[PDB]
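A.B. asks: Sharing a structure here in structure tokens format.
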Amino acid sequence: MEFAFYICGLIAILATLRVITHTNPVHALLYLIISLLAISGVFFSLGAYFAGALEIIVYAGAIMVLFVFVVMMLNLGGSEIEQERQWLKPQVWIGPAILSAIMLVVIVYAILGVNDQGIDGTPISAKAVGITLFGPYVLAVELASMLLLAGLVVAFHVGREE
Amino acid sequence: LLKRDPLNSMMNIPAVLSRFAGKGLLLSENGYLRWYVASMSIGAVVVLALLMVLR
Amino acid sequence: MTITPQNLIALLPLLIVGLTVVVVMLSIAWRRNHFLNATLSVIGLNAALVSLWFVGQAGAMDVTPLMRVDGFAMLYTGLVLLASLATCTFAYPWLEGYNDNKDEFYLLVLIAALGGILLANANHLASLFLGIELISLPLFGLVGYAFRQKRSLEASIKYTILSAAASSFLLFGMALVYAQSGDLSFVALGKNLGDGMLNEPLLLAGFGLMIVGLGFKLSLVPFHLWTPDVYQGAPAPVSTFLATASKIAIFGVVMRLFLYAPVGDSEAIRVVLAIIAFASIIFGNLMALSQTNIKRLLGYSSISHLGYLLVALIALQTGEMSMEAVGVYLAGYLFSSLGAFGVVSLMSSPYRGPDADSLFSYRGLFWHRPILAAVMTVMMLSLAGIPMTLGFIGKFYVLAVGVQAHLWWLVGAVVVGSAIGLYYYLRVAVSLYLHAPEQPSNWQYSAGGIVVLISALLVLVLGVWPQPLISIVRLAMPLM
Amino acid sequence: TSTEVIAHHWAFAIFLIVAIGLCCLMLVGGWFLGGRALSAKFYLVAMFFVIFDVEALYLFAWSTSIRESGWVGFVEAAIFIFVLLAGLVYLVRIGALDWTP
Amino acid sequence: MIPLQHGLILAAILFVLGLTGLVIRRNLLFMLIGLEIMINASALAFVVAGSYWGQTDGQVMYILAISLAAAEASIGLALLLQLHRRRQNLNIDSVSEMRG
Ligand SMILES: CCCCCCCCCCCCCCCCCC(=O)OC[C@H](COP(=O)(O)OCCN)OC(=O)CCCCCCCCCCCCCCCCC
Ligand SMILES: CCCCCCCCCCCCCCCCCC(=O)OC[C@H](COP(=O)(O)OCCN)OC(=O)CCCCCCCCCCCCCCCCC
Ligand SMILES: CCCCCCCCCCCCCCCCCC(=O)OC[C@H](COP(=O)(O)OCCN)OC(=O)CCCCCCCCCCCCCCCCC
Ligand SMILES: CCCCCCCCCCCCCCCCCC(=O)OC[C@H](COP(=O)(O)OCCN)OC(=O)CCCCCCCCCCCCCCCCC
Ligand SMILES: CCCCCCCCCCCCCCCCCCCC
Ligand SMILES: CCCCCCCCCCCCCCCCCCCC
Ligand SMILES: CCCCCCCCCCCCCCCCCCCC
């Protein structure tokens, strides 16, 4: 449950690193699905069983399906950006890479030095998450329904064809 | 030598500096979304570094 | 904890707005009618105002672990509801010029108002995040409502990408704060610290990433560059709503977060917010200097005015009248922006199609729209902090708050930025009365004109006689 | 740390490993052996699926703890389901879910 | 026996990589992909924080996070489809008519 966490985290890191430096959209989405599977493995290693289940069900199984749908619908066959390949030119990526590395060192310095007795890994079931969800977080549930409704209305108004 | 008011000019130079600084600051509004994201990340780095330095 | 009937009567504006969303949606599904669905939305918002009266008859109490209702919540709920009602009134003639479906506008306006009410009542990181998102996503729809027009689609794409990035930043900072502090309530962010150890590195870093998200949402430097683009490209009633209600609700929840959190009186966060306030005032006023576009000018204006408000926030843990100053200034800023963006909306209405230009052309407005020119110059004087206007009352409150707290750099920044504002605001107000070479008839356009005229009269009367507004804001006290 | 639990964990691991290895080995044997010689309604449907799947996950969390949530949880889930059904009726009536207009 | 620092550091690494992908990629689709990586990293951080404290609030925060991710992904892909239908080009630099 520690070995699983470390291998799944390493797989997730390598997968998103190959996501952001790839040219084919379907390949990038495939590596993104692999990263989401690894992050669900991380969730299962920590005891968040409901979170890992929803990571495969919804994030890797609904939202990535929407991304794949859009990619195959727009039919990206190298529209002047695959043949250009500007993101792997050092003058384009060296700036944001150092900026993100500085942000990573600052955040990681903040992470260290915090007291830490360790994550126990005791499973927090979907039962307890459901109890909290419809107990002290009722308004979160109803207004999240309204949030998804807003997303539905916006995406219908913009994305329909006519 | 004073027929064109020198004190008025050395009191009008703050307006000149204001126009110059405004024109310089308007270069950041280039309309490019990737620069806007870059500016947000730069500001995030600056705010985090300031919080770590000041503590 | 559970929801009692007392918790239900406190929840009344949220319940009425949610029921209005459902009823308006069902009416849209039954038949697509512009007039009746606009009427249903505005009826729901007026019923939410009367519900705020009924909430005021009840007490101040914590309706959930998530929400807390007090006079603060009632005041900012009322501000959000007034901005939403004005947006609907401005939106009807502009949508009458529209060709496609014109009722999803009202659905998105109602959902954004629901998010504003949630941010007014938010006592939790949960409700803060959810209220920010409920503000943002209908605004993604509203900013790109005329997606066939190039500028509206571009503003939609920019606002959507940047708000998704800001919500990621805010969520990650919330997660780091929750990693440090085991509770997500506002009062518990820093309770498990003592003996001068308030400056925990992880709590500070999480609050910094939350500052990144909230400063995107409040157009604070250096998360401000989206503001003139999204303000110019969006539809004019959407510009009205994004200028007033979004900033008011988010700045209110920032008030409550920094009032309740024990880390809100951290010196490092105070210095960082002071830097952001100084830069926001100076940069917004300097960048509005050479603008021929009225909407970009009002965007940089919003940057500067939110900098003034942030100055009023910095003195929250030292002085006493910081909440009073923020309330008075927010009422004045609401009425000024409602009037100014309403004049811009009424002259851009009805919609001329995605191909035709939507330029304001404010020069020589007095010779064919005299009342609108008078309203716009009253707004331009109010946003400049001219005495006899309510914007001066807000500026006076900010200056008194800064002087009490010995924030001398911020006070000098307010003075310098106010002078620069005098330049560009008076340029617009006097270009209203020059001469231009060249370049309605329904009661909804007249209703929008009535709204901007009442805003002008409110600004003038409460600038001359600000005691009723000060008395109202003083009795809207949050839980100590 | 029960021996039944660790035995079932080993059995699950061996099941997944042997199954994926069986598929991969069968394709490897198939490859090695033998000699040689659009409409936007798809987006709309997938987007509706994503939205209704997240609202489904809310109901998934509710269903496993209905007795612990009591009647107040039933009331909250009834409001949730009514809002979801109102959105569904809206999508049906405006022609969003009509495949052949 | 997993430190909270390690889960938080992994989430920070994923957030940084997603932000790098959002900045350096000129295609709008890859910007949306980086946005998903960012918000998924934030939700992972919330789950790690909740699992350290032994509370259900981290998974509820994850649930709200992925509700936002789903809705904003649908909105972003609708805007992407509209941009492709209006311009036949997914260049985020070309959609820059509004400037200071
Ligand atoms: C080996 C080198 C690499 C080879 C190539 C990659 C192969 C996949 C490697 C990662 C996945 C497997 C990692 C090893 C898991 C072994 C099982 C294990 O560690 O179980 C412990 C724990 C059991 O639960 P618990 O009850 O808490 O245990 C304590 C005792 N009661 O377990 C748990 O709590 C949860 C266990 C993890 C969650 C299930 C598995 C997730 C799999 C994600 C795959 C992602 C995509 C991989 C793509 C590979 C190709 C690139
Ligand atoms: C006139 C000058 C300009 C004013 C501009 C104001 C803008 C914001 C509008 C909404 C403001 C609402 C502020 C409410 C603060 C209430 C604070 C409070 O605690 O009030 C308590 C009081 C009852 O007293 P008490 O006995 O203490 O009750 C508790 C005992 N259990 O309860 C009350 O007093 C109840 C208050 C009810 C408020 C209902 C408001 C209805 C809508 C009014 C709109 C006015 C028009 C403004 C715009 C014009 C068009 C542009
Ligand atoms: C561009 C124009 C605007 C310029 C920026 C705004 C003004 C900046 C003024 C800077 C003042 C620096 C003060 C330095 C000491 C501060 C700490 C201190 O000990 O203050 C003393 C005192 C508070 O201590 P206390 O124990 O309460 O004593 C009360 C009796 N004095 O303090 C007090 O009681 C109050 C102190 C008041 C200080 C003066 C405020 C009015 C300033 C007038 C205008 C600025 C100066 C003239 C113009 C310069 C050129 C533009
Ligand atoms: C002796 C020192 C101690 C006493 C100090 C007292 C300070 C307060 C009182 C004095 C204020 C002096 C202000 C001087 C500038 C006045 C504004 C001005 O000249 O406006 C006219 C000018 C427009 O005319 P034009 O040049 O044709 O326009 C080009 C653009 N189309 O406009 C422009 O070109 C743009 C104007 C920009 C905005 C106005 C300038 C603001 C500058 C900062 C104000 C605060 C100054 C603080 C002290 C500074 C140092 C003395
Ligand atoms: C009390 C309000 C003060 C600020 C508002 C100012 C506007 C007042 C009403 C309109 C006045 C119009 C004056 C136009 C004069 C044009 C003269 C042209 C020929 C010389
Ligand atoms: C580009 C625009 C720049 C505007 C700058 C405005 C500065 C105003 C003057 C600030 C003066 C601050 C004085 C602080 C004195 C503190 C003394 C503390 C004693 C313990
Ligand atoms: C334990 C037995 C309880 C029996 C009575 C149940 C009914 C009374 C309590 C109802 C509470 C309803 C709360 C609904 C909140 C909806 C919020 C919607 C926001 C948009």
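Ligands are numbered from 1 in the order shown, residues from 1 within each chain, and chains are lettered A, B, ... in the order they appear in the structure tokens.
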Which neighbours of residue 61 in chain E fall inside 7 Å, counting only C-alpha atoms, when residues of the same chain fewer than 4 positions from it are skipped, and could you give them as a VMD selection string?

C.D. replies: chain E and resid 46 57 65

A.B. asks: Specify as a ChimeraX atom specification all residues of chain A found within 7 Å of chain D, counting only C-alpha atoms.

C.D. replies: /A:58,62-63,66,69-70,73,126-127,129-131,134-135,138,142,145,148-149,152,156,160-161

A.B. asks: Have a look at CA of residue 393 in chain C and atom 23 (C, counted along the ligand's line) of ligand 2 and let me know their distance in Å, one decimal.

C.D. replies: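 Distance between the two atoms: 25.2 Å.
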
A.B. asks: Enumerate as a ChimeraX atom specification the residues within 12 Å of ligand 5, counting only C-alpha atoms and all ligand atoms.

C.D. replies: /C:364-382,386-389,426,429-435,453,456-461,463-464

A.B. asks: Please, which residues have at least one atom within 9 Å of an atom of ligand 6, using only C-alpha atoms and all ligand atoms, listed as an NGL selection string?

C.D. replies: (:B and (17-18 or 21)) or (:C and (278-279 or 282-283 or 286 or 406-417))

A.B. asks: Using only C-alpha atoms, I'd like every residue of chain B that has an atom within 8 Å of chain A; please write them out as a list in words.

C.D. replies: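 Residues satisfying the distance criterion: residues 38, 41, 42, 44, 45, 48, 49 and 52 of chain B.
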
A.B. asks: Take the residues that were just selected and, keeping N, CA, C and O atoms, output them as a compact mmCIF listing (two decimals), in the first residue's frame.

C.D. replies:
```
# COMPACT_ATOMS: atom_id res chain seq x y z
N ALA B 38 0.73 33.11 -18.51
CA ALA B 38 2.11 33.27 -18.04
C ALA B 38 2.21 34.34 -16.97
O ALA B 38 2.96 34.19 -16.00
N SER B 41 0.89 32.98 -13.70
CA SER B 41 1.86 32.09 -13.06
C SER B 41 3.05 32.87 -12.50
O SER B 41 3.59 32.51 -11.45
N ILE B 42 3.47 33.93 -13.19
CA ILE B 42 4.53 34.80 -12.69
C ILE B 42 4.10 35.48 -11.39
O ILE B 42 4.86 35.54 -10.42
N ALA B 44 1.85 34.33 -9.34
CA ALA B 44 1.80 33.27 -8.33
C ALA B 44 3.18 33.01 -7.74
O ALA B 44 3.32 32.88 -6.52
N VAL B 45 4.20 32.95 -8.60
CA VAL B 45 5.57 32.75 -8.14
C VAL B 45 6.00 33.91 -7.24
O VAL B 45 6.60 33.70 -6.18
N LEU B 48 4.07 33.78 -3.81
CA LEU B 48 4.57 32.69 -2.97
C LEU B 48 5.97 32.99 -2.45
O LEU B 48 6.25 32.74 -1.27
N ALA B 49 6.84 33.54 -3.29
CA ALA B 49 8.19 33.88 -2.84
C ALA B 49 8.17 34.99 -1.80
O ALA B 49 8.96 34.98 -0.86
N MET B 52 7.10 33.42 1.47
CA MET B 52 8.16 32.63 2.08
C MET B 52 9.28 33.51 2.63
O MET B 52 9.89 33.17 3.65
```

A.B. asks: Quick check: residues of chain E within 7 Å of chain C, only C-alpha atoms, returned as a PyMOL selection string.

C.D. replies: chain E and resi 35+38-39+42+45-46+49+53+76+79+95+98-99

A.B. asks: Near chain D, which residues of chain C fall within 8 Å when you count only C-alpha atoms, and what do they look like as a PDB file with N, CA, C and O atoms, in the first residue's frame?

C.D. replies:
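Result saved to result09.pdb:
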```pdb
ATOM      1  N   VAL C  22     -35.488  26.739 -11.573  1.00  0.00           N
ATOM      2  CA  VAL C  22     -36.277  25.583 -12.004  1.00  0.00           C
ATOM      3  C   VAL C  22     -37.526  26.020 -12.769  1.00  0.00           C
ATOM      4  O   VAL C  22     -37.849  25.463 -13.827  1.00  0.00           O
ATOM      5  N   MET C  25     -36.660  27.442 -16.180  1.00  0.00           N
ATOM      6  CA  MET C  25     -36.280  26.361 -17.083  1.00  0.00           C
ATOM      7  C   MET C  25     -37.497  25.597 -17.591  1.00  0.00           C
ATOM      8  O   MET C  25     -37.578  25.263 -18.780  1.00  0.00           O
ATOM      9  N   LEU C  26     -38.448  25.300 -16.702  1.00  0.00           N
ATOM     10  CA  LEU C  26     -39.652  24.586 -17.117  1.00  0.00           C
ATOM     11  C   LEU C  26     -40.501  25.437 -18.050  1.00  0.00           C
ATOM     12  O   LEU C  26     -41.122  24.915 -18.984  1.00  0.00           O
ATOM     13  N   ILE C  28     -39.242  27.674 -20.118  1.00  0.00           N
ATOM     14  CA  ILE C  28     -38.514  27.607 -21.384  1.00  0.00           C
ATOM     15  C   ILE C  28     -38.851  26.321 -22.120  1.00  0.00           C
ATOM     16  O   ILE C  28     -39.096  26.323 -23.333  1.00  0.00           O
ATOM     17  N   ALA C  29     -38.879  25.203 -21.393  1.00  0.00           N
ATOM     18  CA  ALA C  29     -39.216  23.923 -22.002  1.00  0.00           C
ATOM     19  C   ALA C  29     -40.651  23.897 -22.509  1.00  0.00           C
ATOM     20  O   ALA C  29     -40.942  23.212 -23.494  1.00  0.00           O
ATOM     21  N   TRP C  30     -41.557  24.630 -21.862  1.00  0.00           N
ATOM     22  CA  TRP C  30     -42.951  24.597 -22.289  1.00  0.00           C
ATOM     23  C   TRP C  30     -43.151  25.406 -23.569  1.00  0.00           C
ATOM     24  O   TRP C  30     -43.773  24.923 -24.522  1.00  0.00           O
TER      25      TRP C  30
END
```

A.B. asks: Report as a PyMOL selection string which protein, DNA and RNA residues come within 8 Å of ligand 2, using only C-alpha atoms and all ligand atoms.

C.D. replies: chain C and resi 46+49-60+70-72+74-79+82+86+331+335+338+451-452+454-455+458+462+468-469+472-473+475-477

A.B. asks: Using only C-alpha atoms and all ligand atoms, which residues of the polymer chains come no farther than 6 Å from ligand 1? I'd like the answer as an mmCIF file with N, CA, C and O atoms, in the first residue's frame.

C.D. replies:
```
data_model
loop_
_atom_site.group_PDB
_atom_site.id
_atom_site.type_symbol
_atom_site.label_atom_id
_atom_site.label_comp_id
_atom_site.auth_asym_id
_atom_site.auth_seq_id
_atom_site.Cartn_x
_atom_site.Cartn_y
_atom_site.Cartn_z
ATOM 1 N N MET A 1 0.835 -1.195 0.000
ATOM 2 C CA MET A 1 0.000 0.000 0.000
ATOM 3 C C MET A 1 0.872 1.247 0.000
ATOM 4 O O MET A 1 0.395 2.347 -0.257
ATOM 5 N N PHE A 3 4.135 0.657 -1.653
ATOM 6 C CA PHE A 3 4.680 0.338 -2.966
ATOM 7 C C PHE A 3 3.706 0.732 -4.066
ATOM 8 O O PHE A 3 4.108 1.312 -5.081
ATOM 9 N N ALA A 4 2.417 0.442 -3.865
ATOM 10 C CA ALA A 4 1.395 0.816 -4.836
ATOM 11 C C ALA A 4 1.331 2.323 -5.019
ATOM 12 O O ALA A 4 1.260 2.814 -6.152
ATOM 13 N N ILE A 7 4.707 3.536 -6.948
ATOM 14 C CA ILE A 7 4.722 3.184 -8.367
ATOM 15 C C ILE A 7 3.617 3.910 -9.124
ATOM 16 O O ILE A 7 3.836 4.386 -10.243
ATOM 17 N N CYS A 8 2.427 4.039 -8.530
ATOM 18 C CA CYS A 8 1.349 4.734 -9.222
ATOM 19 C C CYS A 8 1.636 6.225 -9.349
ATOM 20 O O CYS A 8 1.330 6.828 -10.381
ATOM 21 N N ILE A 34 -3.968 7.068 -18.865
ATOM 22 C CA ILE A 34 -3.022 6.294 -18.058
ATOM 23 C C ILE A 34 -2.685 7.029 -16.763
ATOM 24 O O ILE A 34 -2.618 6.423 -15.684
ATOM 25 N N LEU A 37 -5.667 6.679 -14.408
ATOM 26 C CA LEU A 37 -5.656 5.347 -13.805
ATOM 27 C C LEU A 37 -4.628 5.259 -12.685
ATOM 28 O O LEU A 37 -4.900 4.690 -11.619
ATOM 29 N N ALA A 38 -3.445 5.833 -12.901
ATOM 30 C CA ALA A 38 -2.415 5.827 -11.867
ATOM 31 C C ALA A 38 -2.824 6.657 -10.652
ATOM 32 O O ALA A 38 -2.556 6.271 -9.508
ATOM 33 N N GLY A 41 -5.118 4.708 -8.665
ATOM 34 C CA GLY A 41 -4.326 3.789 -7.859
ATOM 35 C C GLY A 41 -3.745 4.448 -6.621
ATOM 36 O O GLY A 41 -3.669 3.833 -5.553
ATOM 37 N N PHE A 44 -6.610 4.695 -4.156
ATOM 38 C CA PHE A 44 -6.864 3.414 -3.511
ATOM 39 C C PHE A 44 -5.778 3.070 -2.504
ATOM 40 O O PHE A 44 -6.058 2.416 -1.496
ATOM 41 N N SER A 45 -4.541 3.501 -2.754
ATOM 42 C CA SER A 45 -3.470 3.246 -1.799
ATOM 43 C C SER A 45 -3.647 4.042 -0.513
ATOM 44 O O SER A 45 -3.166 3.620 0.543
ATOM 45 N N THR D 1 -5.016 -7.139 7.809
ATOM 46 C CA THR D 1 -3.851 -8.010 7.892
ATOM 47 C C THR D 1 -4.258 -9.468 8.065
ATOM 48 O O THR D 1 -3.428 -10.317 8.391
#
```

A.B. asks: Taking only C-alpha atoms into account and nothing else, which residues of chain C lie no more than 7 Å away from chain B? Please answer as an MDAnalysis selection string.

C.D. replies: chainID C and resid 158 162 199 201 204:205 208:209 212 222:223 225:226 268:269 272 286:287 289

A.B. asks: Grab the residues selected above and save them as an mmCIF file, in the first residue's frame with N, CA, C and O atoms.

C.D. replies:
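See result_35.cif below for the written result:
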```cif
data_model
loop_
_atom_site.group_PDB
_atom_site.id
_atom_site.type_symbol
_atom_site.label_atom_id
_atom_site.label_comp_id
_atom_site.auth_asym_id
_atom_site.auth_seq_id
_atom_site.Cartn_x
_atom_site.Cartn_y
_atom_site.Cartn_z
ATOM 1 N N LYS C 158 -11.035 33.564 -23.474
ATOM 2 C CA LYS C 158 -10.058 34.086 -22.521
ATOM 3 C C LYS C 158 -10.542 33.946 -21.081
ATOM 4 O O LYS C 158 -9.804 33.462 -20.212
ATOM 5 N N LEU C 162 -8.803 31.350 -18.347
ATOM 6 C CA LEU C 162 -8.138 31.973 -17.213
ATOM 7 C C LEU C 162 -8.866 31.702 -15.901
ATOM 8 O O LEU C 162 -8.219 31.554 -14.859
ATOM 9 N N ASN C 199 2.684 32.098 11.319
ATOM 10 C CA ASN C 199 3.263 32.063 9.979
ATOM 11 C C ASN C 199 3.783 30.662 9.651
ATOM 12 O O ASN C 199 4.975 30.431 9.463
ATOM 13 N N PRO C 201 4.485 27.812 7.131
ATOM 14 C CA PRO C 201 4.782 27.902 5.690
ATOM 15 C C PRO C 201 3.709 27.320 4.785
ATOM 16 O O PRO C 201 3.412 27.904 3.735
ATOM 17 N N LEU C 204 0.598 29.618 4.789
ATOM 18 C CA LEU C 204 0.895 30.806 3.999
ATOM 19 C C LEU C 204 0.899 30.504 2.506
ATOM 20 O O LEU C 204 0.377 31.291 1.714
ATOM 21 N N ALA C 205 1.476 29.371 2.101
ATOM 22 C CA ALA C 205 1.506 29.028 0.682
ATOM 23 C C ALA C 205 0.112 28.730 0.145
ATOM 24 O O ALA C 205 -0.228 29.128 -0.979
ATOM 25 N N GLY C 208 -1.573 31.916 -0.271
ATOM 26 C CA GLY C 208 -1.056 32.599 -1.446
ATOM 27 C C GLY C 208 -1.665 32.103 -2.743
ATOM 28 O O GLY C 208 -1.977 32.895 -3.635
ATOM 29 N N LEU C 209 -1.839 30.789 -2.872
ATOM 30 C CA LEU C 209 -2.485 30.272 -4.078
ATOM 31 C C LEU C 209 -3.967 30.642 -4.122
ATOM 32 O O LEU C 209 -4.508 30.950 -5.200
ATOM 33 N N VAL C 212 -4.014 34.056 -5.384
ATOM 34 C CA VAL C 212 -3.900 34.060 -6.842
ATOM 35 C C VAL C 212 -5.270 33.894 -7.489
ATOM 36 O O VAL C 212 -5.647 34.654 -8.393
ATOM 37 N N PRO C 222 -1.024 41.186 -10.036
ATOM 38 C CA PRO C 222 -0.840 41.001 -11.481
ATOM 39 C C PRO C 222 -1.747 39.981 -12.150
ATOM 40 O O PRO C 222 -1.328 39.339 -13.107
ATOM 41 N N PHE C 223 -2.973 39.844 -11.669
ATOM 42 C CA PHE C 223 -3.951 38.944 -12.263
ATOM 43 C C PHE C 223 -5.093 39.741 -12.879
ATOM 44 O O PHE C 223 -6.265 39.396 -12.746
ATOM 45 N N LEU C 225 -4.887 41.285 -16.303
ATOM 46 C CA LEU C 225 -4.761 41.548 -17.734
ATOM 47 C C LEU C 225 -5.971 41.096 -18.534
ATOM 48 O O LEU C 225 -6.171 41.572 -19.654
ATOM 49 N N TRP C 226 -6.778 40.192 -17.989
ATOM 50 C CA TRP C 226 -7.971 39.735 -18.686
ATOM 51 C C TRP C 226 -9.064 40.791 -18.698
ATOM 52 O O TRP C 226 -9.922 40.772 -19.586
ATOM 53 N N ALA C 268 2.820 38.765 6.966
ATOM 54 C CA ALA C 268 3.245 38.477 5.600
ATOM 55 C C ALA C 268 2.100 38.646 4.608
ATOM 56 O O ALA C 268 2.282 39.237 3.535
ATOM 57 N N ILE C 269 0.912 38.150 4.960
ATOM 58 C CA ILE C 269 -0.251 38.306 4.093
ATOM 59 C C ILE C 269 -0.654 39.770 4.000
ATOM 60 O O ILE C 269 -1.067 40.247 2.937
ATOM 61 N N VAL C 272 1.833 41.422 1.585
ATOM 62 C CA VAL C 272 1.571 41.006 0.207
ATOM 63 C C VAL C 272 0.314 41.683 -0.332
ATOM 64 O O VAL C 272 0.297 42.185 -1.466
ATOM 65 N N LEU C 286 -3.165 54.272 -14.175
ATOM 66 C CA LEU C 286 -2.224 54.607 -15.240
ATOM 67 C C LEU C 286 -2.629 53.985 -16.569
ATOM 68 O O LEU C 286 -2.422 54.584 -17.628
ATOM 69 N N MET C 287 -3.196 52.782 -16.539
ATOM 70 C CA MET C 287 -3.552 52.106 -17.774
ATOM 71 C C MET C 287 -4.863 52.601 -18.359
ATOM 72 O O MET C 287 -5.110 52.383 -19.548
ATOM 73 N N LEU C 289 -5.408 55.692 -18.832
ATOM 74 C CA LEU C 289 -5.117 57.067 -19.237
ATOM 75 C C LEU C 289 -5.471 57.320 -20.697
ATOM 76 O O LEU C 289 -6.147 58.303 -21.022
#
```
